[PDB]
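To start, the structure itself, in C-alpha cells.
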Amino acid sequence: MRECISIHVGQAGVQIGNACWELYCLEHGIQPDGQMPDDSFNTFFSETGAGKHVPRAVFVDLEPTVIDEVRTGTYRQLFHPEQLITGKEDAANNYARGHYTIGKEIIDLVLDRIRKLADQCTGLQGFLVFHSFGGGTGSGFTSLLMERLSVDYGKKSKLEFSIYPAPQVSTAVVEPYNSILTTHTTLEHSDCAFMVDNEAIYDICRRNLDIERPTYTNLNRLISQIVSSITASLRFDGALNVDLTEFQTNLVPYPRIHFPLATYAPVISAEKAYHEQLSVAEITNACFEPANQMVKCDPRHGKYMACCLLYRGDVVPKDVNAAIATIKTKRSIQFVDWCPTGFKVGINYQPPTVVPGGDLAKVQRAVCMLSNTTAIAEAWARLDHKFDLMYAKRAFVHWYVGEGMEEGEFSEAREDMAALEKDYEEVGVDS
Amino acid sequence: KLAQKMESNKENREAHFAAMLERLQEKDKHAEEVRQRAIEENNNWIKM
Amino acid sequence: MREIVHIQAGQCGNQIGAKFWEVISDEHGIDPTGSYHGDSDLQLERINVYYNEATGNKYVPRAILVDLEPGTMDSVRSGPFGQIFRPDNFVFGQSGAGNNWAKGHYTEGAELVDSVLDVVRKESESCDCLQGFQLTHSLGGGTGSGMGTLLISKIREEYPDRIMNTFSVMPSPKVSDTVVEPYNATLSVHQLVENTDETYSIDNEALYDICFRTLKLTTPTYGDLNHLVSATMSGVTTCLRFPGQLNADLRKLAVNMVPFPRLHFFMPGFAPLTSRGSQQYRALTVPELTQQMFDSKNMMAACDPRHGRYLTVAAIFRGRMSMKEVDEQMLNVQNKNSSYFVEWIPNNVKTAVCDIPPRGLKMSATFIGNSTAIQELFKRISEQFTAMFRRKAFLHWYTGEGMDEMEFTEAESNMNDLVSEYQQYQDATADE
Ligand SMILES: Nc1nc2c(ncn2[C@@H]2O[C@H](COP(=O)(O)OP(=O)(O)OP(=O)(O)O)[C@@H](O)[C@H]2O)c(=O)[nH]1
Ligand SMILES: Nc1nc2c(ncn2[C@@H]2O[C@H](COP(=O)(O)OP(=O)(O)O)[C@@H](O)[C@H]2O)c(=O)[nH]1
Ligand SMILES: [Mg+2]
C-alpha cells in the first residue's frame with residue numbers, strides 16, 4: 001500500500017539518511033533493532049516474519065567509510081546488509097568518475113537491490129533521492145542512477161533532497177562544475193526537487209541553536225526535521241494529508257520549474273525553557289522571514305506561484321486561517337498573475353519529535369512552508385557564475401576530459417542552466 | 001393515413017437516436033485514440 | 001416511471017451522497033438497519049423511487065458508491081447510516097485520480113468503469129420501470145468530475161432513453177483543495193451540456209458565502225457546507241418521493257423545466273437558511289418563504305436572479321400551511337417582479353405543497369429555477385480557466401495523461417457558447 005523507496009547517495013545523502021531514519025524510528029516508536037511494542041508508517045517500513053520493521057531504503061557510496069559507520073553503528077540491526085552498498089574507490093570529487101568510470105561498475109548491483117525492494121511493494125508511489133551536488137558520488141552517481149530509474153520504472157514519481165554546496169563546509173574547488181553537471185543530467189528525470197543550502201542550515205544552527213562551529217551532525221538533525229515534515233503526510237494519516245502526486249500537482253506548474261523553497265519554524269535551542277510556547281500566528285509569521293529559509297535567496301524580489309503550509313502538532317484550522325489572513329494584509333507577498341489560490345494547508349496531528357541529547361527543543365507545534373518562488377533562480381545564478389569563472393579558463397576541465405567526458409557536455413550543461421534561469425524569468429512576467 | 005404517419009414517426013425517432021449513438025460512439029473512438037497516444041509517447045520517450 | 005438509480009462518485013460525491021441518504025431515510029422513517037419505524041403512510045407511498053424492498057420489512061437504498069480511492073468508502077461504511085448500503089454496491093479502486101480530470105476520465109477511471117456498470121446494470125434490470133439516474137459529484141476534482149462524466153457517457157450509451165440527472169458541485173477559490181479546479185470544471189461542464197437532461201448547479205462559492213456571511217461561521221467546514229447541500233437535495237427531490245401532482249417524476253420535471261436541450265442547468269434556492277447546530281428557531285411565514293425566491297442570499301449557485309430572467313421555476317413548499325396563501329403569495333411575486341420572468345413561456349412558474357416538512361423545520365421552501373443569470377457561474381469558471389490556459393499553466397498534468405490542447409479549447413468554447421445561449425434568451429422578446 002502506497003510505498004516510498006528512499007535512496008541515499010554519497011556521504012551527504014548517507015549521513016542525512018542516518019538522521020532521517022533515526023527520527024522516523026522515534027516518531028513511529030521503532031527501536032534500533034526494528035522492534036516496536038496509525039498503520040501509515042508501512043509506506044516507509046516493511047515488516048518481516050519476526051515482526052521487525054525494516055526501512056524501505058538503499059544506501060549507496062563509492063567509498064566504504066561512511067556506510068561502514070552505519071553497519072557498525074546503533075542502527076546496524078535496523079537495515080539488512082544487502083541494502084547498504086559500497087564500492088572501493090570514491091569518485092574523488094569528480095562527476096565524470098561518479099557517472100562513468102567508477103559508477104558503471106556498481107550501477108547494475110544498486111538497481112538489482114532497488115528491484116528487490118520494489119518487488120516487496122504492492123503500490124509503489126516512487127522514489128526519494130538524497131544526495132549532495134558537490135561530491136563526485138553525490139553528483140555523478142545520482143544522475144547515472146536517475147537515468148537508469150526512468151528506464152526501469154516508467155512513469156514512477158522521483159523526488160530529490162539535494163544538498164546545495166556552501167563554502168563554510170565545502171570540500172572541493174570543483175563543486176560548481178559537479179553541481180551544474182548533475183542538475184543538467186537529472187532535470188528531465190526528476191519530478192520535484194527540494195534544495196537544502198548548507199549555508200542557510202549553517203546560519204540557522206549558529207543563530208537559532210547557538211552552535212559556534214556547526215558540524216554535519218548539527219546540520220543533519222535540522223535537515224531531518226524538514227524531511228520529516230514533508231514525509232509526515234505519507235507516514236501518518238491526519239485530518240489534512242498530501243501524497244507523492246498532490247505535492248507535485250500543487251507546487252509544480254511547469255515541468256522544469258520543480259524547485260520549491262522550504263522554510264521551517266520554530267527552531268529553538270534545547271536550553272532556555274521560556275522561549276516557548278509559540279502560537280500558530282508566531283510560527284506562520286516565521287515562515288516569511290528569510291532567516292528561516294533552507295536556501296539563501298530573497299522572495300520579496302521574486303514572485304510566488306504556489307504556497308503549501310504543513311503544520312504539525314497542536315494546530316486548529318481556525319488558528320491557521322486567522323494567521324494567513326493577517327499575513328495577506330502585509331501587501332509585500334506577491335504572486336504571479338496566472339495564480340489565484342495561493343495557500344494549500346495541511347495539518348498532521350503529531351508534534352515534532354526531537355533526538356534525545358540533540359540541540360533542538362521539544363515544541364507543541366511546528367510548520368514547514370514549501371513555496372514555489374522565482375527567487376530560487378538566485379541560487380542557480382550564484383552556482384552558474386562560479387562555473388563561468390573557472391570554465392572561461394577551462395580550469396580543472398582536464399580532470400573530467402581524462403575520465404572520458406567531452407567539453408561539449410560542459411557547454412550543454414551550462415546552456416541548459418541558462419535556459420532554466422530564463423524559464424524562471426519568463427514565468428514571473430505578467431501576460 | 002395513420003400507417004404513413006407512425007412509420008414516418010418510427011423513422012424520425014430511430015434517426016434522432018441513430019445520430020445519437022453514432023455521434024456518441026466516435027466519442028469513444030477518440031477516447032481510445034488519445035489513450036493509445038497516452039502510453040505511445042511515453043514509450044518512444046524511453047526509445048531515446 | 002418508478003425507480004431512480006443513484007450514483008455517488010468521488011470524495012465530494014460520496015460525502016454529499018451519504019448525507020442525502022441519512023436525511024431522506026429520516027424523512028421516510030427508515031433507521032440505519034433498513035427498518036421502517038415511522039408513523040405516516042405518506043412516508044411509504046413512494047418509497048420505491050429510492051429504495052428496494054429486501055426480504056421482510058427492510059428497505060435498501062438503490063445507491064452505487066464509487067471512488068478511485070478506498071478511504072472515502074471506509075468513512076461511509078463507518079458513518080451513521082453506513083450499514084444501510086448494499087455491500088456489493090461499493091465499487092472502489094486503489095489508485096486515486098489525484099484531482100486530475102484526465103486520470104478520472106481516461107486512465108484510472110476507464111479501468112474501473114466496467115465494474116461500476118456491472119453494479120448499475122444489476123440495479124437497473126431489477127427495476128419494474130426505471131425513470132433514470134441521479135449522480136452526486138464535484139466538478140473540481142478528478143474522480144467525481146472525470147470519472148463521473150465518463151460514467152454519464154457510458155450509462156447514456158446503454159440507457160439512451162432514461163433521464164440523466166446530476167447534483168454537480170462547482171469549485172470555488174474560497175474552498176479550494178487544488179489550483180487546477182477551473183480546468184476540471186470546464187472539462188466536466190462540456191460533458192454535462194451534452195450528456196445530462198438536468199443538472200443542479202450546487203456552487204461552493206455560494207455555500208461558503210452563506211456559511212460565512214449569513215450563518216456567521218468564521219471558518220466553515222465541509223460539514224457546514226454539506227448541511228446546506230443536503231437541505232437542498234431533500235427539497236428538490238420532495239416531488240419525486242412523496243405523492244403529488246406536479247413534477248412527480250424525472251421526465252415530467254425535465255419537460256416542465258427544460259425549454260431548450262442545452263439549457264438544463266438549475267439554480268437551486270432554499271429558505272430558511274439554518275446551521276447544523278441551529279435547532280432554535282421560531283420564524284418563517286408564507287410571505288417570508290416566498291420573498292426569498294428572488295433573494296440572491298438564498299441561492300445555492302453564486303448568481304443574482306435579478307441579473308437575469310427565469311425561463312421556468314418550480315417551487316416546493318413544505319410544512320403545515322394554507323394552499324390559498326401560497327397561491328396568492330406566488331401570484332403576487334410574479335406580478336410584482338414581471339420583468340424577471342420571460343413573457344414567451346406562459347404560466348412558467350409551477351408550485352407544489354407537501355405536508356411533510358424537513359427535519360428540524362416546521363416550514364420550508366425550495367426553489368428550482370432555470371434562470372439566464374446562471375451564465376454568471378459559467379463566466380466565473382471561464383475567466384479562471386483562461387487566466388491559467390493563456391499561460392498553459394499545469395497543462396503537463398493533463399498532456400502527460402495523453403490529452404491534447406484541442407480538448408481544452410473545445411471545452412472552453414462550448415461553455416462560452418452556453419453563456420452566449422443564456423444571453424440570447426435573456427434578450428429575447430415576445431414582440432413576435
Ligand atoms: N548537510 C550535509 N552536507 C554534507 C554532508 N557530507 C557532505 N556534505 C556536503 O556535500 C559536499 C561534498 O560531497 P560528498 O557527499 O561528501 O561526497 P561524495 O558524494 O561521497 O562523493 P566522493 O567522495 O567524491 O566520491 C559538500 O558541499 C559538503 O559540504 C553531510 O553529512 N551533511
Ligand atoms: N460541498 C462539498 N465540496 C467538497 C467536499 N469534498 C470536496 N469538495 C470539493 O470538491 C472539489 C474537489 O473534488 P473531490 O470530490 O475532493 O475529488 P475527487 O475525489 O477526485 O472527486 C473541490 O471543489 C472541493 O472544494 C464536500 O464534502 N462537500
Ligand atoms: Mg565521499
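Convention: chains lettered A, B, ... in C-alpha cells order; per-chain residue numbering from 1; ligands numbered from 1 as shown.
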Write out as a PDB file with C-alpha atoms, in the first residue's frame the residues lying within 8 Å of residue 201 in chain A, counting only C-alpha atoms and excluding same-chain residues fewer than 3 positions away.
ATOM      1  CA  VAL A 196      18.929  22.494   1.002  1.00  0.00           C
ATOM      2  CA  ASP A 197      21.613  25.222   1.008  1.00  0.00           C
ATOM      3  CA  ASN A 198      24.283  24.212   3.554  1.00  0.00           C
ATOM      4  CA  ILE A 204      20.267  28.651  11.438  1.00  0.00           C
ATOM      5  CA  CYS A 205      22.413  26.382  13.672  1.00  0.00           C
ATOM      6  CA  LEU A 219      23.182  20.295  10.161  1.00  0.00           C
ATOM      7  CA  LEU A 222      17.889  20.151  11.428  1.00  0.00           C
ATOM      8  CA  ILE A 223      17.639  18.807   7.773  1.00  0.00           C
ATOM      9  CA  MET A 294      16.524  26.345   3.626  1.00  0.00           C
TER      10      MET A 294
END
For the contact check between chain C and chain A, emit one row per residue of chain C within 10 Å, containing the shortest atom pair and the distance in Å rounded to one decimal, counting only C-alpha atoms, chain then rising number order, as a Markdown table.
| residue | atom | partner | partner_atom | distance |
| --- | --- | --- | --- | --- |
| C:94 | CA | A:123 | CA | 8.6 |
| C:95 | CA | A:123 | CA | 8.4 |
| C:96 | CA | A:245 | CA | 9.9 |
| C:97 | CA | A:245 | CA | 9.4 |
| C:98 | CA | A:246 | CA | 6.3 |
| C:99 | CA | A:246 | CA | 8.0 |
| C:100 | CA | A:249 | CA | 8.7 |
| C:172 | CA | A:341 | CA | 9.5 |
| C:173 | CA | A:341 | CA | 5.9 |
| C:174 | CA | A:341 | CA | 8.3 |
| C:175 | CA | A:341 | CA | 9.5 |
| C:176 | CA | A:341 | CA | 7.4 |
| C:177 | CA | A:344 | CA | 6.7 |
| C:178 | CA | A:250 | CA | 6.3 |
| C:179 | CA | A:341 | CA | 6.2 |
| C:180 | CA | A:249 | CA | 8.2 |
| C:218 | CA | A:318 | CA | 7.9 |
| C:219 | CA | A:318 | CA | 5.9 |
| C:220 | CA | A:318 | CA | 9.2 |
| C:221 | CA | A:317 | CA | 9.4 |
| C:384 | CA | A:340 | CA | 8.5 |
| C:385 | CA | A:338 | CA | 9.7 |
| C:386 | CA | A:338 | CA | 9.0 |
| C:387 | CA | A:338 | CA | 5.3 |
| C:388 | CA | A:338 | CA | 5.4 |
| C:389 | CA | A:338 | CA | 8.7 |
| C:390 | CA | A:431 | CA | 8.1 |
| C:391 | CA | A:338 | CA | 7.1 |
| C:392 | CA | A:254 | CA | 8.7 |
| C:393 | CA | A:253 | CA | 5.6 |
| C:394 | CA | A:253 | CA | 4.6 |
| C:395 | CA | A:254 | CA | 7.8 |
| C:396 | CA | A:254 | CA | 6.7 |
| C:397 | CA | A:249 | CA | 7.4 |
| C:400 | CA | A:155 | CA | 9.6 |
Selection from above, N, CA, C and O atoms, as a compact mmCIF listing (two decimals), in the first residue's frame, can you write it?
# COMPACT_ATOMS: atom_id res chain seq x y z
N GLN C 94 -8.00 1.47 -6.17
CA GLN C 94 -6.95 1.61 -5.17
C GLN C 94 -6.07 2.79 -5.52
O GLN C 94 -5.52 3.44 -4.63
N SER C 95 -5.97 3.08 -6.84
CA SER C 95 -5.19 4.14 -7.46
C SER C 95 -6.14 5.31 -7.72
O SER C 95 -7.00 5.23 -8.60
N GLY C 96 -6.04 6.35 -6.90
CA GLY C 96 -6.83 7.58 -6.99
C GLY C 96 -6.66 8.37 -8.27
O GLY C 96 -5.93 7.94 -9.18
N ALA C 97 -7.34 9.53 -8.36
CA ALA C 97 -7.29 10.38 -9.55
C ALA C 97 -6.45 11.61 -9.38
O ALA C 97 -6.23 12.32 -10.36
N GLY C 98 -6.00 11.87 -8.16
CA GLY C 98 -5.12 12.98 -7.81
C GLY C 98 -5.56 14.34 -8.31
O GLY C 98 -4.73 15.12 -8.79
N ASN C 99 -6.88 14.62 -8.22
CA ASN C 99 -7.51 15.89 -8.62
C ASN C 99 -7.22 16.26 -10.08
O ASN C 99 -7.12 17.44 -10.45
N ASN C 100 -7.10 15.21 -10.91
CA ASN C 100 -6.82 15.29 -12.33
C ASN C 100 -7.97 14.65 -13.11
O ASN C 100 -8.16 13.43 -13.07
N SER C 172 -14.69 26.52 -6.02
CA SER C 172 -14.51 27.92 -5.66
C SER C 172 -13.15 28.13 -5.03
O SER C 172 -12.72 27.30 -4.21
N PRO C 173 -12.49 29.27 -5.34
CA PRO C 173 -11.19 29.57 -4.69
C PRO C 173 -11.28 29.74 -3.16
O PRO C 173 -10.28 29.57 -2.46
N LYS C 174 -12.50 30.06 -2.67
CA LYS C 174 -12.85 30.24 -1.25
C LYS C 174 -12.76 28.96 -0.45
O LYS C 174 -12.49 29.02 0.76
N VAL C 175 -13.01 27.81 -1.09
CA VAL C 175 -12.94 26.48 -0.50
C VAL C 175 -12.35 25.48 -1.56
O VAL C 175 -13.03 24.60 -2.11
N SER C 176 -11.09 25.74 -1.91
CA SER C 176 -10.28 25.02 -2.90
C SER C 176 -9.21 24.15 -2.32
O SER C 176 -8.39 24.62 -1.51
N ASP C 177 -9.16 22.89 -2.79
CA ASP C 177 -8.13 21.93 -2.40
C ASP C 177 -7.03 21.74 -3.51
O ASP C 177 -6.05 21.04 -3.27
N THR C 178 -7.18 22.40 -4.69
CA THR C 178 -6.31 22.29 -5.87
C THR C 178 -6.42 23.50 -6.82
O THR C 178 -7.49 24.03 -7.06
N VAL C 179 -5.28 23.93 -7.33
CA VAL C 179 -5.16 25.04 -8.26
C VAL C 179 -5.75 24.77 -9.67
O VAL C 179 -6.14 25.71 -10.35
N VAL C 180 -5.88 23.48 -10.05
CA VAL C 180 -6.42 23.02 -11.34
C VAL C 180 -7.95 22.87 -11.46
O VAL C 180 -8.45 22.47 -12.51
N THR C 218 -17.27 31.64 11.19
CA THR C 218 -15.97 32.22 10.83
C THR C 218 -15.14 31.29 9.93
O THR C 218 -14.60 31.75 8.92
N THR C 219 -15.07 30.00 10.27
CA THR C 219 -14.33 29.04 9.48
C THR C 219 -15.23 27.87 9.08
O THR C 219 -15.31 26.88 9.81
N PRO C 220 -15.94 27.98 7.93
CA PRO C 220 -16.82 26.88 7.52
C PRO C 220 -16.07 25.59 7.19
O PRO C 220 -14.96 25.65 6.67
N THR C 221 -16.67 24.43 7.53
CA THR C 221 -16.08 23.11 7.23
C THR C 221 -16.94 22.48 6.13
O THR C 221 -18.02 23.01 5.84
N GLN C 384 -11.49 32.09 -14.90
CA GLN C 384 -10.49 31.39 -14.08
C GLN C 384 -9.72 30.44 -14.99
O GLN C 384 -8.51 30.37 -14.90
N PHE C 385 -10.43 29.74 -15.89
CA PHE C 385 -9.84 28.82 -16.85
C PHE C 385 -8.86 29.53 -17.78
O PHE C 385 -7.73 29.07 -17.93
N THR C 386 -9.30 30.63 -18.42
CA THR C 386 -8.50 31.41 -19.35
C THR C 386 -7.25 32.01 -18.70
O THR C 386 -6.19 31.99 -19.34
N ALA C 387 -7.33 32.46 -17.43
CA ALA C 387 -6.17 33.01 -16.71
C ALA C 387 -5.02 31.99 -16.66
O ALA C 387 -3.86 32.36 -16.81
N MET C 388 -5.37 30.71 -16.48
CA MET C 388 -4.44 29.61 -16.43
C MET C 388 -4.05 29.16 -17.82
O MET C 388 -2.85 29.04 -18.10
N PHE C 389 -5.05 28.89 -18.69
CA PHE C 389 -4.85 28.39 -20.05
C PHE C 389 -4.03 29.30 -20.98
O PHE C 389 -3.26 28.80 -21.80
N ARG C 390 -4.16 30.63 -20.81
CA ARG C 390 -3.42 31.66 -21.54
C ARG C 390 -1.91 31.40 -21.41
O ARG C 390 -1.17 31.58 -22.38
N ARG C 391 -1.49 30.96 -20.22
CA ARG C 391 -0.10 30.66 -19.89
C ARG C 391 0.21 29.16 -19.95
O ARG C 391 1.33 28.76 -19.66
N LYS C 392 -0.78 28.33 -20.31
CA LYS C 392 -0.66 26.87 -20.38
C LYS C 392 -0.14 26.26 -19.08
O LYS C 392 0.53 25.23 -19.08
N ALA C 393 -0.48 26.91 -17.96
CA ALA C 393 -0.10 26.52 -16.62
C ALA C 393 -0.72 25.20 -16.25
O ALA C 393 -1.88 24.98 -16.54
N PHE C 394 0.06 24.30 -15.65
CA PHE C 394 -0.38 22.97 -15.20
C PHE C 394 -0.88 22.05 -16.31
O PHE C 394 -1.41 20.97 -16.03
N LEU C 395 -0.69 22.46 -17.57
CA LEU C 395 -1.13 21.66 -18.70
C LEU C 395 -0.43 20.31 -18.77
O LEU C 395 -1.06 19.34 -19.18
N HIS C 396 0.84 20.23 -18.31
CA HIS C 396 1.61 18.99 -18.30
C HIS C 396 0.95 17.87 -17.52
O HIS C 396 1.19 16.70 -17.84
N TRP C 397 0.10 18.20 -16.53
CA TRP C 397 -0.62 17.20 -15.74
C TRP C 397 -1.62 16.45 -16.58
O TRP C 397 -1.88 15.27 -16.33
N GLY C 400 0.31 14.90 -20.03
CA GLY C 400 1.03 13.74 -19.51
C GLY C 400 0.16 12.50 -19.43
O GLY C 400 0.67 11.38 -19.40
- Determine, counting only C-alpha atoms, which protein, DNA and RNA residues have an atom within 7 Å of an atom of range 20-30 of chain C; residues of the same chain fewer than 6 positions away are not included. Present the result as a list in words.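 Contacts, with the query itself left out: residues 36, 37, 38, 43, 44, 81, 230, 233, 234 and 358 of chain C.
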So that I have them on file, write out the residues from the current selection with N, CA and C atoms, as a compact mmCIF listing (two decimals), in the first residue's frame.
# COMPACT_ATOMS: atom_id res chain seq x y z
N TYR C 36 -38.41 0.26 8.67
CA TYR C 36 -39.32 1.38 8.74
C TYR C 36 -39.92 1.44 10.12
N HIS C 37 -39.71 2.56 10.82
CA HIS C 37 -40.25 2.77 12.15
C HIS C 37 -41.06 4.05 12.30
N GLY C 38 -41.43 4.64 11.16
CA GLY C 38 -42.24 5.85 11.11
C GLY C 38 -43.68 5.64 11.52
N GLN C 43 -44.97 8.38 4.06
CA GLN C 43 -43.55 8.03 4.10
C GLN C 43 -43.24 6.82 3.22
N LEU C 44 -44.19 5.88 3.10
CA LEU C 44 -44.02 4.66 2.33
C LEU C 44 -44.66 4.65 0.95
N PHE C 81 -25.47 6.01 8.97
CA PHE C 81 -26.29 5.16 8.12
C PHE C 81 -25.45 4.25 7.21
N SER C 230 -27.49 19.01 1.63
CA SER C 230 -28.48 18.01 1.98
C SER C 230 -29.89 18.58 2.15
N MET C 233 -30.99 19.12 -1.55
CA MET C 233 -31.25 17.83 -2.18
C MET C 233 -32.53 17.21 -1.71
N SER C 234 -32.85 17.36 -0.43
CA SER C 234 -34.10 16.90 0.16
C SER C 234 -35.28 17.69 -0.47
N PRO C 358 -39.08 19.23 6.28
CA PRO C 358 -37.83 18.51 6.53
C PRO C 358 -37.50 18.52 8.02
Counting only C-alpha atoms, a student should be able to say which residues of chain A come within 10 Å of chain B; what is the right answer, written as a compact mmCIF listing (two decimals) with N, CA, C and O atoms, in the first residue's frame?
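Final file, iface_28.txt:
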# COMPACT_ATOMS: atom_id res chain seq x y z
N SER A 150 14.48 5.97 -14.63
CA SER A 150 13.45 6.40 -15.59
C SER A 150 13.14 5.29 -16.61
O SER A 150 11.99 5.11 -17.00
N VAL A 151 14.19 4.53 -16.99
CA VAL A 151 14.12 3.41 -17.91
C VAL A 151 13.37 2.24 -17.26
O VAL A 151 12.40 1.76 -17.83
N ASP A 152 13.83 1.80 -16.08
CA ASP A 152 13.26 0.67 -15.37
C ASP A 152 11.92 0.91 -14.74
O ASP A 152 11.17 -0.06 -14.56
N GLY A 154 9.35 3.36 -15.65
CA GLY A 154 8.33 4.01 -16.47
C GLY A 154 8.06 5.41 -16.00
O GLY A 154 9.00 6.21 -15.82
N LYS A 155 6.77 5.68 -15.73
CA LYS A 155 6.30 6.97 -15.22
C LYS A 155 6.01 6.86 -13.70
O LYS A 155 4.85 6.96 -13.25
- Query: For chain C, which residue among B:28, B:44, B:13, B:38 is the nearest when counting only C-alpha atoms?
  - Reply: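 Counting only C-alpha atoms, the residue closest to chain C is B:38.
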- Name all residues at most 12 Å from residue 31 in chain B (count only C-alpha atoms; drop same-chain ones fewer than 6 positions away) and give them as a PyMOL selection string. (chain B and resi 24-25+37-38) or (chain C and resi 102+105-107+110+150+153+401-404+407)
- Query: Which residues form the shell of 7 Å around ligand 3 when you count only C-alpha atoms and all ligand atoms, given as a PyMOL selection string?
  - Reply: chain A and resi 10-11+63+90+135+137
Writing out the chosen residues with C-alpha atoms as a PDB file, in the first residue's frame:
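Below is the file selection-v3.pdb, written as the result:
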ATOM      1  CA  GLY A  10      27.284   9.636  -1.311  1.00  0.00           C
ATOM      2  CA  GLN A  11      28.475  10.970   2.073  1.00  0.00           C
ATOM      3  CA  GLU A  63      33.911   4.516  -0.923  1.00  0.00           C
ATOM      4  CA  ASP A  90      35.493   7.001  -4.469  1.00  0.00           C
ATOM      5  CA  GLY A 135      30.755  15.341  -4.296  1.00  0.00           C
ATOM      6  CA  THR A 137      29.329  10.298  -5.967  1.00  0.00           C
TER       7      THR A 137
END
- Task: May I have the residues within 8 Å of ligand 2, computed using only C-alpha atoms and all ligand atoms, as an MDAnalysis selection string?
- Result: chainID C and resid 9:16 67:69 96:101 104 137:146 169:172 175:178 181 202:204 207 222:223 225:226 229
- Those in range 168-254 of chain C with helix (DSSP H, G or I) from DSSP, as a ChimeraX atom specification: /C:173-175,181-195,204-214,222-241,250-254
- Which residues form the shell of 7 Å around ligand 1 when you count only C-alpha atoms and all ligand atoms, given as a PyMOL selection string? chain A and resi 9-13+15-16+61-63+90-94+98+131-139+163-166+169-171+198+216-217+219-220
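The interatomic distance for the pair CA of residue 194 in chain C and CA of residue 65 in chain C works out to 23.9 Å.
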- Message: Report, in Å to a single decimal, how far apart CA of residue 431 in chain C and CA of residue 330 in chain C are.
- Response: 26.0 Å
- Message: For residue 353 in chain C, find every residue with an atom within 6 Å (counting only C-alpha atoms), except residues of its own chain fewer than 2 positions away, and show them as a ChimeraX atom specification.
- Response: /C:316-318
